[PDB]
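S.K.: just dropping in an experimental structure and the matching sequence.
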2 protein chains.
Amino acid sequence: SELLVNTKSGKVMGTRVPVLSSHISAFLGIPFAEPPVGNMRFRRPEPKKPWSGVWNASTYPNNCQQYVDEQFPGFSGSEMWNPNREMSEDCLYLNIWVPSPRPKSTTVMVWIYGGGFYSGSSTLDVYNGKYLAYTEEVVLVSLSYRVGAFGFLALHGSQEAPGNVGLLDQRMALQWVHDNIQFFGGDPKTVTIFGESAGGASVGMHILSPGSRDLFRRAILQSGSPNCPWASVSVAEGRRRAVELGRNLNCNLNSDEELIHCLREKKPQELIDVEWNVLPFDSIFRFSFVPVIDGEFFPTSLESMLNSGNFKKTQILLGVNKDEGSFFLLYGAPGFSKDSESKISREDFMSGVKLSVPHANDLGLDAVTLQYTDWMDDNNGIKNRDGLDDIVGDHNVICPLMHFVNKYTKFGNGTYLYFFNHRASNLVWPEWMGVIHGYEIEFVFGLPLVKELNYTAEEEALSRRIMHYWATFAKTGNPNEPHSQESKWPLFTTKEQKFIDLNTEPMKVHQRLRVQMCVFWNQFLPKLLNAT
Amino acid sequence: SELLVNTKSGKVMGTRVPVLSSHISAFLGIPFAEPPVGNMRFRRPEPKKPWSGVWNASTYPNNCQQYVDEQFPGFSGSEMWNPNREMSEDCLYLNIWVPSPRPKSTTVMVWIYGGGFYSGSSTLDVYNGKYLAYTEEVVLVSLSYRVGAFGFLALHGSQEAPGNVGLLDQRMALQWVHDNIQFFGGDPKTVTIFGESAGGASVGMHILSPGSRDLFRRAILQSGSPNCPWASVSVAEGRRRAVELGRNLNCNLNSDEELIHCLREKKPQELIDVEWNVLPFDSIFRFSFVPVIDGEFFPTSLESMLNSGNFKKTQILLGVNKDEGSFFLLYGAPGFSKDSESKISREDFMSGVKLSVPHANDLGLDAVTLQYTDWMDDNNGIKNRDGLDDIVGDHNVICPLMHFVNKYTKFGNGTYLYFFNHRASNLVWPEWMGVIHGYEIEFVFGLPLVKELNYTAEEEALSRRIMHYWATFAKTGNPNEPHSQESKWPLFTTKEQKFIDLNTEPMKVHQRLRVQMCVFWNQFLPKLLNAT
Ligand SMILES: *[C@@H]1O[C@H](CO)[C@@H](O)[C@H](O)[C@H]1NC(C)=O
Ligand SMILES: *[C@@H]1O[C@H](CO)[C@@H](O)[C@H](O)[C@H]1NC(C)=O
Ligand SMILES: *[C@@H]1O[C@H](CO)[C@@H](O)[C@H](O)[C@H]1NC(C)=O
Ligand SMILES: *[C@@H]1O[C@H](CO)[C@@H](O)[C@H](O)[C@H]1NC(C)=O
Ligand SMILES: CC(=O)SCC[N+](C)(C)C
Ligand SMILES: CC(=O)SCC[N+](C)(C)C
Ligand SMILES: [Cl-]
Ligand SMILES: [Cl-]
Ligand SMILES: [Cl-]
Ligand SMILES: [Cl-]
Ligand SMILES: [Cl-]
Ligand SMILES: [Cl-]
Ligand SMILES: [Cl-]
Ligand SMILES: [Cl-]
Ligand SMILES: [Cl-]
Ligand SMILES: [Cl-]
Ligand SMILES: [Cl-]
Ligand SMILES: [Cl-]
Ligand SMILES: [Cl-]
Ligand SMILES: [Cl-]
């Protein structure tokens, strides 16, 4: 049976799924680790004990315990990202979409979901890999990993809650793929990992961590980089937040042992109810439990690893969206609302700047303000709004990514950079938000090819062009079709620094993405803050 | 006799001079102070003892002892500013151009020459007031004052060389005008003082100093402000330079008395030969002997006087030229030459920045560089050149002036601001230098009306329009002709901050002159340098 596969962990039975007037195989909910429940909470993941009989992989698995966005009840724009299955700590499973007939040794792509390390699900409609697997004929895998305190609580020095376990969950799934994907017709030697925001930062982290490098061939990072200011904390900061979390749950704080024991006796939702209370500052685009620079998963500081070339050298494809910051301003910055144009007063602009650069002294805040203020029209509510939007995106996603791309390219084997600036015609979010964080994903997964979703024909063409870039890159390490007719996406070099726009218009090439602002964030501001 | 005038100092005999197919009276070289020679060198000026008989005021007087520009021997562009008479310490005289027939009580305008306080002459061809006196029918006076060590050596606490004497020379001439101008048909109650660069800074200094306020009605400042970074030094810095000057002349430095005695025994040229050796830093647009904030001529700091409104409240008309810095970059910045386009390398740009902001630490220099660098095209030699040009002009003239105008306007009785950006068609200096420092003067004095000078007809029209703005302002405190047909030069207000362009095109109104860059120089950079 085409739907029956025998793996080293045991046999699994898939299900036939329809896709674009055709069909393919799907193996949903395959376990790759033992349930991290009970006393295994906060601990590293243990490999799934092989099973007897046949595992039913016909339906999606539970989602990991996580905070749920209720900011706009019933609104599809926000709820499309929420868990669409039952939540449980028993959530370590993976999904596989296999072309029909089953391949013998084709390209593999593993998706790592984003969500600021505090949320995320592999089962979202926007992550359904059947379209991509079918259209580009690749084996598409989507993994899962613990988020929130469950996956990143960090009490360095301890073995019950070392930190980064959520990252180890990812690695274990990659290990499972490396060991069993052949049985599904996948080529374990041509695996490409890709993800967005926290997932993109994750991809970069596996590129850096020695213990992950051998498990994949190349990588794609979307709107996320390992060096982002929100993607990691020091061991001391991680410890402070863990203790503070315990303080919120009236725990005994005399020892790690006692703290960990107390937290383990709490129900999942109890940890989630107070998770946001441990942030050090009033801020936006900052999440409580994220990876920790432990000296283990990460040997040394991210920057020193990047400077010395201490990382996997291969090919990478990465990029950003035009308005990465709008979402986080809506949810927390004063003056922004979902149903208004959100024109920002000068006062609110100032408040926003402070929320955006929490680690800044007055001089730093002044530098940022001056850098993003048009002094010939400083009371222009639209410029203030758009200016704040740029500040958040530049600081949190674009400039950190540009720093990563420039450092990696010095030792890498090929870089491809993109700038996604197409706002979908069927977007339910307001116009002022522009090309939102995470809204290139629907194009990467081919949702536009689905007529009932109501995208324009041009948007379907873009989706197909993007899916082919991604799949072709995953297969050859070059997004371009050898001996092709269409325009060529040029390599990004240290000298030329070329990139392309990804939109419904004919491809255009540019150079030095957001260079003026990124010199500010990556060189000047840091010097200023350090000197003061 | 129309050429014979009897003043409180004695009788003077003028000369009839031709001007634009007509004639007027001229009284050249009238003394207003005793010769500051011998033991009077460095001392405050003493009023000229009245004389018996008739003083021959038919020819120009000697020029004060000063450094002479020999950077381009035979070049008119530079030599037109050099002394055109014999130099002597006996140089305290004034010149008067009186309409014919002699008026009874008309508007008076007193010109104060510029030249960085280290040079200048009232007898330059470009300062001939016959055209302005004739065309606008005003009594035009041009004074003189000691420059260099002779007029500004400052050993605060001493009475032999207190400092600011060159400014006192100016005041004495203003006093003389206040007492005797009536005899020449001038109205001592409607005197307007005006000057360019150091002369413009001087005008502002008389507006501030209590001892000068009662001697004039209103003021005009061209490309200069009292608060310019080069226009003054502290008493301690003034003292350091005086001592260092003495050290250069192998003087006894045991006491002010001995230092002053030694300097007085030196020949004029001996002081001038080493004058530039006392500057504290390698720099451009910085002059050795300038006014000193002594607590006497200036009661308190310039900034505190401006904030509290401790200054003469009247009407003022002021402005700047488009490329104030080009001249000083040519003479000292590496990479600039008179006969080349002076395209600047990135290295030379960096060196220039350092020469331009001598009081800056590395962080400050980085701030300036970032502020004026186009990172999408940082090796563009023309942008680098023009960028440096802006840095020098913004820092040394424009932003300081904008700071002054905004502070004065809060307490003043009417402000008129202009931006002069017309490059003369017969300019002998290279094109890259643009609208040079001091090149609006020829238009203020009506040289374009002289056919043999070869200006375009449009340039003659501009000159006449500027001369009428200046003269009309001097007369009424408003440059605009009451019930006029031409466009109106609007008042500059704290809120609107309107100004006009002065060029051969039809008047245009703008707002917030160089606001973006001046917020940098006037608010941000100072904070940065103070915090670091
Ligand atoms: C699980 O597998 C069975 C076949 O053994 C199938 O009938 C069922 O639909 C699958 N999922 C469930 C329990 O609904
Ligand atoms: C990638 O590496 C191969 C050798 O392994 C080399 O020949 C090729 O030029 C490299 N390409 C890039 C873009 O560095
Ligand atoms: C000085 O005045 C006399 C008349 O007494 C005149 O002849 C002469 O030209 C004037 N200047 C000189 C000395 O040339
Ligand atoms: C100038 O002062 C007079 C009173 O002395 C006042 O009436 C007039 O409005 C003032 N004008 C300006 C521009 O301040
Ligand atoms: C980007 C986000 O979803 S903000 C997190 C929710 N919070 C504001 C209630 C803490
Ligand atoms: C602006 C200037 O004339 S520079 C002064 C002359 N120096 C360079 C020889 C000291
Ligand atoms: Cl077998
Ligand atoms: Cl086996
Ligand atoms: Cl479908
Ligand atoms: Cl708090
Ligand atoms: Cl960069
Ligand atoms: Cl949507
Ligand atoms: Cl909408
Ligand atoms: Cl008489
Ligand atoms: Cl008398
Ligand atoms: Cl003439
Ligand atoms: Cl030196
Ligand atoms: Cl200003
Ligand atoms: Cl000239
Ligand atoms: Cl020329």
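M.R.: All right, it came through fine. Numbers count the residues shown, from 1 in each chain, chains lettered A, B, ... in the order given. Ligands and ions are numbered 1, 2, ... in the order given.

S.K.: interface residues of chain A facing ligand 11?
M.R.: When proximity is defined by Cβ under 5 Å from the ion, chain A lies next to ligand 11 at A:402, A:518. For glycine as for every other residue, the C-beta is placed from the backbone atoms N, C-alpha and C.

S.K.: pick out the residue nearest the middle of chain A.
M.R.: By Cα atoms, centre = their mean, chain A has its centre lying nearest to residue A:199, at 2.3 Å.

S.K.: you'd agree that residue is in a helix?
M.R.: Yes: when DSSP: H, G, I helix; E, B strand; the rest coil is applied, residue A:199 is found to be in a helix.

S.K.: spell out which residues of the stretch 201-350 of chain A are next to ligand 5.
M.R.: Contact residues, the stretch 201-350 of chain A versus ligand 5 (Cβ under 6 Å from any ligand atom): A:276, A:328, A:331-332.

S.K.: circling back to that earlier point, now do the contacts for the residue nearest to the centre of chain A.
M.R.: Residue A:199 sits next to A:111-115, A:120, A:222, A:224 when contact means Cβ atoms under 8 Å, 6 or more residues apart in numbering or on different chains.

S.K.: ok, those vs residue B:27, which is closest?
M.R.: Distance to residue B:27 across these (Cβ to Cβ) is lowest for residue A:224, with 81.0 Å.

S.K.: three-state assignment of the closest one?
M.R.: coil.

S.K.: one step back: just the buried subset of the residues of the stretch 201-350 of chain A next to ligand 5, please.
M.R.: Buried subset of these (neighbour count, 16 or more other Cβ atoms under 10 Å in any protein chain shown): residue A:328.

S.K.: please name the nearest non-neighbouring residue to residue A:456.
M.R.: residue A:425 (5.3 Å; Cβ to Cβ, 6 or more residues apart in numbering or on different chains).

S.K.: next, count neighbours for the one you found.
M.R.: Summarising burial for residue A:425: neighbours were counted as other Cβ atoms under 10 Å in any protein chain shown, giving 12.

S.K.: cool, and residue A:267?
M.R.: Residue A:267, neighbours per other Cβ under 10 Å, totals 9.

S.K.: next, it: phi, psi?
M.R.: phi -80, psi 150 (degrees, to the nearest 10).

S.K.: mind checking how far it is from residue A:41?
M.R.: In this view, residue A:267 and residue A:41 are 11 Å apart by Cβ to Cβ, to the nearest Å.

S.K.: got it, and residue A:105?
M.R.: 39 Å.

S.K.: which one's more surrounded, these two?
M.R.: Of the pair residue A:105 and residue A:41, residue A:41 is the one with more neighbours under other Cβ under 10 Å, namely 24 against 14.

S.K.: and the residue nearest to residue A:456, what does it touch?
M.R.: Residue A:425 sits in contact with A:454-456, A:459, where contact means Cβ under 8 Å, 6+ apart.

S.K.: try it again at 10 Å.
M.R.: Shown in contact with residue A:425 (Cβ atoms under 10 Å, 6 or more residues apart in numbering or on different chains): A:448, A:454-456, A:458-459, A:504.

S.K.: likewise for residue A:165?
M.R.: A:36, A:40-45, A:145-146, A:150-154, A:172, A:297.

S.K.: do that again at 7 Å, thanks
M.R.: Residue A:165 makes contacts with A:42-45, A:146, A:151, as judged by Cβ atoms under 7 Å, 6 or more residues apart in numbering or on different chains.

S.K.: keep only those of those that are in helices.
M.R.: With helices taken from DSSP state H, the overlap with the contacts of residue A:165 comprises residue A:151.

S.K.: what is the longest strand of chain A by residue count?
M.R.: strand A:186-196 (DSSP state E).

S.K.: list the buried residues in it.
M.R.: By 16+ other Cβ under 10 Å, the buried positions in strand A:186-196 come out as A:186-188, A:190-196.

S.K.: list of residues touching it?
M.R.: Counting by Cβ under 7 Å, 6+ apart, A:105-114, A:139, A:174, A:177-178, A:181-182, A:202-203, A:206, A:216-220, A:222-224, A:438, A:441, A:474-475 sit against strand A:186-196.

S.K.: any chance of the contacts of residue A:199 in a markdown table, plus secondary structure and neighbour count?
M.R.: Shown next, in a markdown table, are the contacts of residue A:199 (DSSP: H, G, I helix; E, B strand; the rest coil; neighbours: other Cβ atoms under 10 Å in any protein chain shown):
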| residue | secondary structure | neighbour count |
| --- | --- | --- |
| A:111 | strand | 26 |
| A:112 | strand | 30 |
| A:113 | coil | 25 |
| A:114 | coil | 23 |
| A:115 | coil | 21 |
| A:120 | coil | 29 |
| A:222 | strand | 25 |
| A:224 | coil | 31 |
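
S.K.: if you rank the contacts of residue A:425 by neighbours, which is first?
M.R.: Result: residue A:448 is most packed of the contacts of residue A:425 (other Cβ under 10 Å), 26 neighbours.

S.K.: elements contacting the one helix or strand residue A:519 maps to?
M.R.: For residue A:519, the element it lies in under DSSP states H and E is helix A:515-519. On a contact count with 3 or more Cβ pairs under 7 Å, 6 or more residues apart in numbering or on different chains; DSSP states H and E, helix A:515-519 meets helix A:399-409.
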